[PDB]
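Read the structure below first, then the notes.
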Amino acid sequence: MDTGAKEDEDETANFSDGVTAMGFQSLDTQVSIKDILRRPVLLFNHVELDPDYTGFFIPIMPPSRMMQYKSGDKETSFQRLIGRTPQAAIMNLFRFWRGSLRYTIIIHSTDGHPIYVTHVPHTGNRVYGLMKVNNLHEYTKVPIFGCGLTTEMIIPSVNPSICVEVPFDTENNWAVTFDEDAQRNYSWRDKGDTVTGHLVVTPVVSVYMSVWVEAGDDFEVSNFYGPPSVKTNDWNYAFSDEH
Amino acid sequence: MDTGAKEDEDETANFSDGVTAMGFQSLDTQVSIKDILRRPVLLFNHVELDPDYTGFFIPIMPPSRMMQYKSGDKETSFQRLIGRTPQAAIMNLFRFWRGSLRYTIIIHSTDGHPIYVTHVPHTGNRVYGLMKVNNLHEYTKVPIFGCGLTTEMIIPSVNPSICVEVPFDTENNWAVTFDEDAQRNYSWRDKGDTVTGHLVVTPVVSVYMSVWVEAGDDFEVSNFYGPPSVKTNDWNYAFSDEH
Amino acid sequence: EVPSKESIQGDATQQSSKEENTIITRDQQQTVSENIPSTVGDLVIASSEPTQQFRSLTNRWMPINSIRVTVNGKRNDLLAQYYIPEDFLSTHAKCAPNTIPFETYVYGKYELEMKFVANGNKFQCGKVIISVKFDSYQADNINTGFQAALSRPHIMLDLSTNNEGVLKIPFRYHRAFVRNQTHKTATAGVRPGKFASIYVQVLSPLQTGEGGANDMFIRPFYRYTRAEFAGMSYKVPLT
Amino acid sequence: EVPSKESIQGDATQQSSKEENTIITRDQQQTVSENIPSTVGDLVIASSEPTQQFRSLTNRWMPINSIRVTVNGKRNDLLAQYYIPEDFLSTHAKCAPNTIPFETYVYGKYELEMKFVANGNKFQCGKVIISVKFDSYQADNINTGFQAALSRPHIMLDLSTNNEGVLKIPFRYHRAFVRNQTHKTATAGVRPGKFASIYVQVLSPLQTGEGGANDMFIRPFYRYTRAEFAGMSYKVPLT
Amino acid sequence: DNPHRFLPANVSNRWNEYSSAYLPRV
Amino acid sequence: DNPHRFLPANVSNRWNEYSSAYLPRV
């Protein structure tokens, strides 16, 4: 970051700076970057889990322009307004992040079936949604949650929601927030450095889920990039105060 | 254990040992043997309980090569990837273990029927799955959970999951982890020394369950055997970083 | 530790080990495994009556059968193996006074020491490894390689230098005592006379020069450092 | 200095030399030439700007080409010879990181250390001598015998014992600096890249037994103990 | 029948395990 | 095929990104 007061050489008289409005309305300050990143963002809104697959993959990365919808492109399972959230706009300014993320997963059920959430560390790939690992047609005898990796279970009859905190299990000092083109086929090891692992949800029977994401307490951002080129048309969908 | 520094007679100059990476990424150390054995392993993935039987038997022993699947052999109720878990690989190095094991049992139900989990001490047998004790055709009037043995109940409507800790109720100083051949008919008293008892799950009506196992807090391993002869084909099911 | 100049009887700087009425010398240096503990505390509970030692008989050196190493022998090949104490009672050195207490007592705890003496010439070369596996009954055919031997308590023998090797073996068994002898009246439900296995394996094959010897020999010697016996009975022949 | 009794890894009483990111061990004793001084005082006058050292690059051990000694070789025969630094830049070990500073700097002062490692068997015998001749340009073909080698700073290698030899070479040149590289734009009036010569000569021929090996090998290693560079320029390929 | 149950006589001892005499097991 | 996968040769370097020589990208 460069403040730019360096370039301001003028030292002539000016009007008063006044008094801040911070604290006047309430003490609930919402200016802290970490506080903004720690409140949740909806990734997946009522998406299906299918037991024919290994599970629904969630790549461990914060919300950003990487998950932004553009009118015309192919339809994904992602929430369309991820790119327009405050924290996504903030993450578009910082290309480095380190620490844990927290995932709030809600299973749309009240059944006694256990739904397992398995953490995969940084393996070098980057996938999302339902996937058959090594293209098999049977995963009940070889579940991902019973392979050895760290796992937690949801029992909807007790509690359909859970909040799980995924560690920074990677080789790199920082995780890369975004690329210029997310679908470009470049150097394969660099391609996978935008995630720190995966979170895999596996059901017993067919059931829907919703997924939110936020930053952990142990979390930092760095490598300030400044604001990008942007567009808006908010004016057009509202009346003015003069009819 | 023999470190083998004994045999290293050379005392010439060497390059620097450097500084450890332990603590750099996180303080979550995962090198402790006890810590690895204390995180759970999936034994049975959605297996049926039938009230026509006495109950589903679980032999009290940690995960190891004893529960390893081999392509071609007869189909069991066991999870296929038990042998490839970290803790199973660790237990293949130690042939002695003493202390308690902890069993996480999840009943796939939300009903008000009580499902009883009975502990049997070391009796000299070794069985698993559904069994009719003394080959009778009626067990509601003579349940195993109401014979005198220590028992705990699961009420799925309240909580479909439970964690129960089974004691080291045996004659022997140590329990034997594994044998060279698990199906060999040798001296019958020695044959049963690989378990410290059984855990028997009995329902009211037909229902499915899932079972995990881990080491207790009061738990030790000993009699280090070193690494066995092994095989892998992991390379074949992955692309390299050069396409 | 340090050699001297040649005299009437060569380089007279030998070391030796005296145990009871038996002595074994060594021309070169020796390798010795770590002194590691056995299970203690269960002895007083397992046996209501006091246990007995016979150091004069048991703690002496006793040689067992000779081992031949050839140029044909490959890495990982078993040169010899011993289920102890069984094989030291009714296979090797059967007339040894070390075996006398095993005739009368039914139970015991046993800590052993095994010395290995090799005699290959200076134009030969090769590596042999001896290791111990505790409580090996129905687990002899697994974790039984050179790699498993290098992990477990072991000694390494170079076949050219003729360095001696001493393996210190504690009592590490899943029961309090090991049974000494089988009998017609006794149960067949428990395997007796085996709390451990000893393996002698080729680490690197024996090699020789042009018109050289195609084999050489190794001799094991055993002794009990701590043999406590329990449960007196009428004397029987061993196996 | 003193040998010990034989163990698992033979007589483990080796010495070693660690310089930067390179180590060289020795099984037997080593011979080392006297630490003798270079010209000092002219450095500050000859170069108005300060001189530079790159110890991490230059002060590491670097092996050069292998030398073969045969039974056919007679006394006074040259096994190898090196004009330094020239031959260590553009003949031997051309991809060595030791040579990197010579690409950019035009002048320098250089004190070297050269280790020689021989490997003949115990049934062979012979003597080799390595010596240094300072400022040898147009005087290589005179005072170039075994006798001249024995007079000048030298090391002696017995081909049976395999004793190591370390020749310490100061900077003794008729000018303040030696030129590092020739160039098309540079003058041809001055011979660059040669302040000294190293000779490897047979002192006593190699001999062997009946059906024995008719040759054996020696490997030289070099390093700069004090390499000061002067006169920075654009980087060029070496010769 | 199941071949794992009993070991063949030539390689084994009376206790249904590989004999110490039978070196070729490895 | 997908045009995002590979960059055209005239604007890019060997590592499949905009060349430093190609100033007109902006």
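Protein chains in written order, with our numbering: chain A, 4 to 246; chain B, 4 to 246; chain C, 887 to 1125; chain D, 887 to 1125; chain E, 652 to 677; chain F, 652 to 677. A virtual CB, placed ideally from N, CA and C, is assigned to each residue, including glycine.
Query                                                                                                             : Result
Beta bridge counterpart(s) of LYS1054/C as assigned by DSSP                                                       : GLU999/C
Short CB-CB distance (under 8 Å) between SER671/E and chain C                                                     : yes
Closest residue to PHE148/B among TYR72/B, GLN33/B, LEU202/B and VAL130/B (Cα-Cα distance)                        : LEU202/B
Cβ neighbour criterion (16 or more within 10 Å) applied to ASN653/F                                               : exposed
Separation of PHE18/B from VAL888/C, as counted between CA atoms                                                  : 30 Å
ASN653/F at chain A interface by Cβ criterion, 8 Å                                                                : yes
Burial state of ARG42/A, where buried means 16 or more other Cβ atoms lie within 10 Å                             : exposed
Any chain B beta carbon closer than 8 Å to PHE1020/C                                                              : yes
Ordered list of beta strand (DSSP E) runs contained in the stretch 1002-1081 of chain D, each at least 3 residues : 1011-1020, 1040-1044 and 1050-1055
C-beta neighbour in chain D for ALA8/B, strict 8 Å                                                                : no
Same chain, Cβ closer than 6 Å to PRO987/D, five either side skipped, listed in chain order                       : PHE940 and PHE1115
DSSP bridge partner residues for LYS904/C (one or two, in chain order)                                            : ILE909/C
Interfacial residues, the stretch 84-95 of chain B to chain A, with Cβ spacing under 9 Å                          : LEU84, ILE85, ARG87, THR88, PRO89, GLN90, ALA91 and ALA92
Whether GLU10/B touches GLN895/D by CB criterion (8 Å)                                                            : yes
Residues within the stretch 127-140 of chain A neighbouring chain I, beta-carbon criterion of under 8 Å           : This model lacks chain I altogether; the protein chains it does include are A, B, C, D, E and F.
Beta carbon of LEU45/A nearer than 8 Å to that of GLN90/A                                                         : no
Beta-carbon neighbours of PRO146/A, restricted to chain B and to distances below 8 Å                              : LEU45, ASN48, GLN82 and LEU84
Residue-level contact to chain C via CB, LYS1008/D, 8 Å cutoff                                                    : no
Cross-chain neighbours of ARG676/E in chain C, by beta carbon under 7 Å                                           : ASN1027
is_contact[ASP184/A, chain F] using C-beta, thresh 8 Å                                                            : yes
Chain D contacts made by the stretch 913-937 of chain C, where a contact means CB separation under 9 Å            : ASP913, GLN914, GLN915, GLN916 and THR917
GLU892/D: contacting residues in chain C (beta-carbon distance under 7 Å)                                         : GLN914, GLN915, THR1047 and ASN1049
Burial state of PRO146/A (16 or more Cβ within 10 Å)                                                              : buried
Straight-line gap, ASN1048/D to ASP963/D (C-alpha atoms, nearest Å)                                               : 20 Å
Distance between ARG912/C and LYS1013/C (C-alpha atoms, nearest Å)                                                : 19 Å
Exposure of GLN1087/D, with buried meaning 16 or more beta-carbon neighbours within 10 Å                          : buried
Residue-chain proximity (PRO1056/D, chain C), Cβ-Cβ < 8 Å                                                         : no
Ordered list of alpha helix (DSSP H) runs contained in the stretch 130-204 of chain A, each at least 4 residues   : 191-194
Where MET69/B falls: helix, strand or coil (DSSP)                                                                 : helix
Delimiting residues of the alpha helix (DSSP H) encompassing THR1111/C                                            : Run containing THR1111/C: none in the alpha helix (DSSP H); it sits in the beta strand (DSSP E), 1101-1118.
Beta bridge counterpart(s) of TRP215/A as assigned by DSSP                                                        : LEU45/A and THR107/A
Members of the stretch 183-207 of chain A near chain F, C-beta cut-off 7 Å                                        : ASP184, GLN186, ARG187, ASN188, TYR189 and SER190
Residues in the stretch 1101-1113 of chain D having any Cβ partner in chain B nearer than 7 Å                     : none
C-beta atoms of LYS1080/C and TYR1023/C nearer than 8 Å                                                           : yes
Proximity test, Cβ basis, 8 Å: residue 841/C and chain B                                                          : There is simply no residue 841/C to check, as chain C begins at 887 and stops at 1125 in what is shown.
Best match in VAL167/B, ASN162/B and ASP221/B for proximity to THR154/B [C-alpha to C-alpha]                      : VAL167/B
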